[PDB]
Amino acid sequence: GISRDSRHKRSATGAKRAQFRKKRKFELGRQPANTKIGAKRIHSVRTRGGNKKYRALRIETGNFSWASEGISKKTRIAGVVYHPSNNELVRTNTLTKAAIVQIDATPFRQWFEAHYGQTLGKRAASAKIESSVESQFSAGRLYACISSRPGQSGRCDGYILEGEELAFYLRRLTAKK
Amino acid sequence: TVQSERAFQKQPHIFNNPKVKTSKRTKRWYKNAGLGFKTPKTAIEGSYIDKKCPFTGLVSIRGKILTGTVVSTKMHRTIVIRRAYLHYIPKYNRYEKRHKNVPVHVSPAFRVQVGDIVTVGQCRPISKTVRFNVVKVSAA
Amino acid sequence: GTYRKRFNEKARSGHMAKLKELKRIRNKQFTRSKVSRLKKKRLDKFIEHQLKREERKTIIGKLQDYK
Amino acid sequence: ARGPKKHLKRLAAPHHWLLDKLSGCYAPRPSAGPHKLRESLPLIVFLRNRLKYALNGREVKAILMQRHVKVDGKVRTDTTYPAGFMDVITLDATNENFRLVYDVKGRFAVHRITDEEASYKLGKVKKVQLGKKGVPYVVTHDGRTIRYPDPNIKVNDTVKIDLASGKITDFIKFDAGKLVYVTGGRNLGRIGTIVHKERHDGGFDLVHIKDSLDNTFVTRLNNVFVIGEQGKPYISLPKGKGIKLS
Amino acid sequence: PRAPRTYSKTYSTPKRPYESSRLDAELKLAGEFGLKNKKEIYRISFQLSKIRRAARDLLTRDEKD
RNA sequence: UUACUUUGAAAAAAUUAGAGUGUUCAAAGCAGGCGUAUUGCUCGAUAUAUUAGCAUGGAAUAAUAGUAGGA
RNA sequence: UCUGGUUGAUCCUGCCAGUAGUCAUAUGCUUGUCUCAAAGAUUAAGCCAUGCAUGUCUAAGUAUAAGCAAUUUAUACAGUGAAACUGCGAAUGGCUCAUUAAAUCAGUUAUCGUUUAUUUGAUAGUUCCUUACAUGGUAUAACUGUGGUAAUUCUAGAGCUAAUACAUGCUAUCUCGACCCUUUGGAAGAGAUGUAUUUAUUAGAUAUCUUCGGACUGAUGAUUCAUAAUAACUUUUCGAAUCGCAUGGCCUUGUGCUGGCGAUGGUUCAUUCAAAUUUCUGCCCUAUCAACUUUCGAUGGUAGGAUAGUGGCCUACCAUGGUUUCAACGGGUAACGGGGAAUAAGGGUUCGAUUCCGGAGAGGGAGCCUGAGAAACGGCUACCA
């Protein structure tokens, strides 16, 4: 029932176009897959061509990368924090692209302790990192931006919010609280 | 200001590393749109973020290159130009004036007042109605 | 044409429905049986004349009262 | 229309096939292959309508299935195979090789060809890229992909290709003063030397060409095809040698 | 769906049909040449009219055109 | 600089206008034929901006640019 | 586009008379031969009995038919081959012109903005990495048999058995090279080694001696392009358990090791047949239709969702825009658009349902399944008739 032609719209002049032809399958749409947090479940929609497309209905874990030194780890997603389109999505815990979620820290801090010979909280020039990230580690959860499309690839991948990113989003969260 | 909006603005896939300290506090990626249109230093060294600027965004300028005389400059980042031509009535063997108004997306690298003559280039559908992108101004 | 008087509107039921939709929202701009018409017109004239008759008779009564 | 078409009318055919307008209602729609729809000659239009070695479609199919016809060394059994331009079709039981090349009038001319000349084939280098694992390849004008080319082979060139091995024997650069064959538009079939390449950025590059009687014409880069150096063509030219006269 | 044949009418009745000088003209022609039809006369008349119109247009062209 | 004008490439076949050919003539239809075929010869098989876009030569006509001041 | 008339004879204006053809539509009488050829119309795209119009097999996917052929090398099979599974086609063709007035369509562009069965050309050793590859596994059809119903190309329960269906799944090559002796080199040792999916990161920049022999990345007009590299991730793909004809090479004589022609399939690019969107300009009558569009997306910004993918396409949150006397919006259209047809001296006018091209439709709304390709109708589902 979801179709995306441009012939049901008003013209640019504000005229109204009468129907030209019956609706077509090569301009269809499909129901949005509200990905939520929970045990994994992934339907696979069959797409034009023979192709596939993995809608994620519920996803729990994810692949998140620390950009600053350039590593990637599989973590767990705790819950949505902020979403630049719908505070309703934040309320309902719906993962989509560009979301801000709190993720578990343990794989990252273990890699850190094991790579830089130093614990977190409480070559040292390289071991020196950002105050905000250190604080989040002390708490146990990080702010990370989901940067994939769970309705198109069945995945939550993301990056950990570094300096300017994190500054901006902390201001937004604090101002909206 | 740059970050006046609910999402963060950035050139996607351009990353400024905290652990390395560099002179310019932000890294810009810019290109030239070819066709001898020199890119403006305000774009090279500005601070705005535009997905659609032909010099810093992800749009390529190809196909038709047109000229217009601005008419409204009075919504956000888009303008509406007027193209005036002389249609020809073969029965009366003489002419008649016509125009029609073409919305165009304008990068914030340009200051366009109403009345000045712009050169625009064709790009992929930017919005419902706007296909061209201001690629050079010329004051009037 | 768009709104013609078709042969079978009953078989064209839905076509008529969407045409009525199109018409109503196009002429939202403006809005935002002939012998039956004649019978109604003459009924209006006849009732108005009877009203004239009764009002005239009442004025006759009032004038003969106030003489 | 909800999918590819499988039929071709007779009036709608490419005109250069010289198909009569009354013998039937349909024309051989050429199967997909090396050459485009409109600039290809199917094997039935070549074996029946030009060579007159057949009289029917069923005779043409009998010949092919008896496995006589080879189009660029490989045996082709599809009766609407789109044999194209600069192609080599060999009929061994007749001991003939045919280079398909254009006649002055526009049409495909049969060009009888000897064995040592049927051994190879020219191809207009048309897309040079860098394939997976970093090996670069050229794409010629009839689909052929050729890997590990000479680094000095650039788009719009000619490469002479050994058919027996699918390899590149050598090549010719697109510079002024080469000899040029023309394959599109009003002048196709006209061989001349390439004088100027007026190049527009964003539009179509035009080419100014000059045939042996010093008559000049202007065509597009899409339609130029470099054959050989001055005065020596790499292929054997059909009679008249691409001179349009009165 | 086939390609249509080309046909064409081979004559054309003259402008004003009944005109006594031409009635007698056709009489003399039919009589001395054995014909049978104003239609045969009109066939030749049409052929020749076409020919002479061709020639006239060529004359109005320039020499050596 | 543009309008405008010249030449050019582009505007499917059929249809139209032409050329060739004794379909028995005709309406039509259609594209080679001779040879010492071992290396040659002959002919005819062109045209159809009516606007938009594209390249191009322009001197007029109609618009549109652009000398001064001080010592 | 003219011909006759008035008055003694003449010129205007006028009146009268006089005329035309129409693949125009109806109709009337006649209708012998030869070649050719068309065969719509009630503003009814109104309703249909019956038959037919889409199936398909090569040597090469699966046969123990309780099929046929005997018979002659065929005790696994082997010729021929119904049935059924599997593969493919059924999306083309053919028909009509209802809708549709910047829509269609025509000429002209773009995809640096996307899918593509097929065809065609290229293309996939990963040697190792602790506890069958002389080749895993279970189903199901046809068939045998027991039945149901007024009836249909309806089908239930039970018993068998196959695969190119289904689900699983295993079997060295190079860089340097001390040394050796020098050619024809061989060599201890040092090291490196799939694809696909998703994200992040990085690269893809480029204004003197002599034995005379030898030593001192690309493409575009333009790219976040092609391509390469790092770390991870994946209900995860692929990396041949298939088939025909042959029967050669070797020998440690093992029913050992090798090997020929071609069928099918398979990832990733290229091509081809397509497809989807899109740039510029161009439509008939209407101003006694002058304001239009915006809640209910109208114009734009951002983020997301959706898609093969661009985009108000959709949803949020923002601004308050967009078209218009150069005629927007509305109404009409016995309006599918073009190639073309008729005709006039030109200029124009009228016709184009109708042999080719494009579009749309299959009684009317809507909806979906398969598949590379359908919003299909000689496919399916419900609603009106």
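Here chain A follows Swiss-Prot, giving residues 2-123, 146-200 in order.
Each Cβ is built from the backbone N, Cα and C atoms, and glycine gets one as well.
Swiss-Prot lists A:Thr62, A:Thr107 with the feature phosphothreonine, giving a large-scale study or a structure entry as the kind of evidence. As annotated by Swiss-Prot, phosphoserine applies to A:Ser66, A:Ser69, A:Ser73, A:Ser86, A:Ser154, A:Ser155, A:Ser158, A:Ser161, with the evidence given as a large-scale study or a structure entry.
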Exercise. Looking only at Cβ atoms, how many others are within 10 Å of the one on A:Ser69 (phosphoserine)?
Worked result: 18
Exercise. So of A:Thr62, A:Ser154, A:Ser161, which of the modified residues has the fewest other Cβ atoms within 10 Å around its own Cβ?
Worked result: A:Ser154
For this session: Specify the secondary structure state of A:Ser158 (phosphoserine) as given by DSSP, simplified to three classes.
Result: helix
Problem set entry | A:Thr62, A:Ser66, A:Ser73, A:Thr107, A:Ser154, A:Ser161: the modified residues whose Cβ falls under 8 Å from a chain B Cβ | none
Seminar exercise, completed: A:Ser73 (phosphoserine), Cβ-centred 10 Å count of other Cβ atoms over all protein chains shown, is 14
For this session: Would you count the other C-beta atoms found within 10 angstroms of the C-beta of A:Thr107 (phosphothreonine) for me?
Result: 12
Seminar exercise, completed: In chain order, residues whose C-beta lies under 8 angstroms from the C-beta of A:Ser66 (phosphoserine), counting only those at least six residues away in the same chain, are A:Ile72, A:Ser73, A:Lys74, A:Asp180, A:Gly181, A:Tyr182, A:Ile183
For this session: Compile a sequence-ordered list of residues in the same chain as A:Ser86 (phosphoserine), six or more apart from it, whose Cβ lies below 8 A from its Cβ; state 'none' when nothing qualifies.
Result: A:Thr97, A:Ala99
Problem set entry | Fewest other C-beta atoms within 10 angstroms, as judged across A:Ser155, A:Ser158, which are the modified residues | A:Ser158
